[PDB]
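Coordinates for the following, if possible.
(one chain, ligands or ions: 2)
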Amino acid sequence: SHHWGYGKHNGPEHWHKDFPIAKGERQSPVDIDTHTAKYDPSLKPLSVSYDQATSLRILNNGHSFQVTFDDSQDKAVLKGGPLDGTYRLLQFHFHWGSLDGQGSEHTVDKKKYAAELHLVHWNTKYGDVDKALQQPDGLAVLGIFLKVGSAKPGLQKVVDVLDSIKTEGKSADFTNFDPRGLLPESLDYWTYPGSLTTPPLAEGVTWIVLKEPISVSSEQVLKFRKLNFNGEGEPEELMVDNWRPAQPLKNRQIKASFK
Ligand SMILES: NS(=O)(=O)c1ccc(NC(=O)Nc2cnn(-c3ccc(S(N)(=O)=O)cc3)c2-c2ccccc2)cc1
Ligand SMILES: [Zn+2]
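Residues are numbered from 1 along each chain as shown. Ligands and ions are numbered 1, 2, ... in the order given. Below is the structure:
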């Protein structure tokens, strides 16, 4: 639980009072203008190595729900692309809307998607996530857009346990989940230096945003929208519209992995 949230009185336009870096030089998310982004032939191939991923728990944290992973060894890692070295998967979570036309944090030519998946990784050269959070290259987030259409079979195990974590602070066992089932076919991406999109809004994230969205069904996203921001026995306030709007690009260049 925190004072910050996504409502009128505690939402993104308020965050700068407790977290002044909200008005910083490298905030996220941003609008990705596909006609300004530069193809970068020097980007190395992107390597998503999730075959040994060990999921642990699923948790409603009051601002999203997250699936956590064992990051005590190199089990599920991201390498290559714009990254130097090895980044370990810690958790994934989502952002979504009240209607299918909004929910994503990144936008593409101002287009908003129904939701956005964030797979959060930290740079093993800093030894733990707490230390990585203080570095300009400490974190890498793989962002994947969700559109409503056909169901995503690899999401259904998540959807089916959400009624066990309805309110803030609820958690459940979530072992043997394979995050490979959440990925689109293509790893074509855009990349730029940015920040966490929630407090503390730390400016230490390399963003990698895949061009290809995954499709999920209307029934799948409807189940996200039944979650609650509130803890058990407080007024019911649906967990919807837990996205930060696009921020000023300032002096940054978005690079593309593809022509
Ligand atoms: N491996 S483990 O022990 O089970 C484990 C597993 C995750 C955590 N903690 C955790 O995930 N904290 C937390 C909650 N939300 N966020 C968070 C929020 C926003 C973004 S976003 N939209 O991608 O910019 C990314 C991450 C985190 C977090 C995680 C790492 C660094 C900073 C924050 C602690 C322990
Ligand atoms: Zn996120």
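
and stretch 179-191, does that touch ligand 1?
No: shown here: stretch 179-191 not in contact with ligand 1 (CB under 6 Å from any ligand atom), separated by at least 13.6 Å. C-beta: built from backbone N, CA, C; applies to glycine.

for that stretch, which positions count as buried?
179, 182, 183, 187, 189, 190, 191 (16 or more other CB atoms under 10 Å).

Look up phi and psi at the fourth one.
Summarising the backbone geometry of residue 187 under the convention degrees, to the nearest 10, its torsions are phi -100, psi 10.

Also the fifth one?
In terms of degrees, to the nearest 10, the main-chain angles of residue 189 are phi -150, psi 160.

ok so, going back, mind checking which of the buried residues of stretch 179-191 are in strands?
189, 190, 191 (DSSP state E).

From those, pick the one nearest ligand 1.
residue 191 (14.2 Å; CB to the nearest ligand atom).

which strand residues sit across from that closest one in the sheet?
Here residue 191 sits in beta bridges with residue 208, residue 255, going by DSSP bridges.

and it, what is it in contact with?
Neighbouring residues of residue 191 by CB atoms under 8 Å, 6 or more residues apart in numbering: 43, 81, 82, 206, 207, 208, 209, 254, 255, 257.

how close does the residue in the chain sticking out farthest from the centre get to ligand 1?
When distances are taken from the C-alpha mean of the chain, residue 233 lies farthest, 28.3 Å away, according to CA atoms, centre = their mean. Separation of residue 233 from ligand 1 (CB to the nearest ligand atom, to the nearest Å) stands at 23 Å.

And for residue 183?
16 Å.

interface residues of the stretch 151-259 of the chain facing ligand 1?
Checking the stretch 151-259 of the chain against ligand 1 by CB under 6 Å from any ligand atom, the hits are 196, 197, 198.

these two touch, right, the last one and residue 61?
Okay, so that is residue 198. No: counting by CB atoms under 8 Å, residue 61 is not a contact partner of residue 198; they are 9.6 Å apart.

Those two: who's more crowded?
Taking other CB atoms under 10 Å, residue 198 and residue 61 do not tie; residue 198 has more neighbours (24 against 17).

Three-state assignment for residue 157, please.
Following DSSP: H, G, I helix; E, B strand; the rest coil, residue 157 is assigned to helix.

Can you tell me the closest non-neighbouring residue to it?
The shortest distance from residue 157 to any non-neighbouring residue, by CB to CB, 6 or more residues apart in numbering, is to residue 177 (6.1 Å).

Just the CA trace of the helix or strand where residue 93 lies, in CSV.
Element membership of residue 93, judged by DSSP states H and E, is strand 87-96. Output in CSV follows, covering the C-alpha atoms of strand 87-96 (Å, rounded to 0.1, in the frame of the first residue of the first chain):
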residue,chain,number,x,y,z
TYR,A,87,19.8,-9.0,-17.1
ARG,A,88,17.8,-11.4,-14.8
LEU,A,89,14.0,-11.6,-14.9
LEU,A,90,12.6,-10.7,-11.4
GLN,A,91,8.9,-10.2,-12.2
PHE,A,92,6.2,-9.4,-14.7
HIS,A,93,3.1,-7.3,-14.4
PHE,A,94,0.5,-5.5,-16.5
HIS,A,95,-1.1,-2.2,-17.1
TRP,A,96,-4.6,-2.0,-18.5
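
No further questions, thank you.
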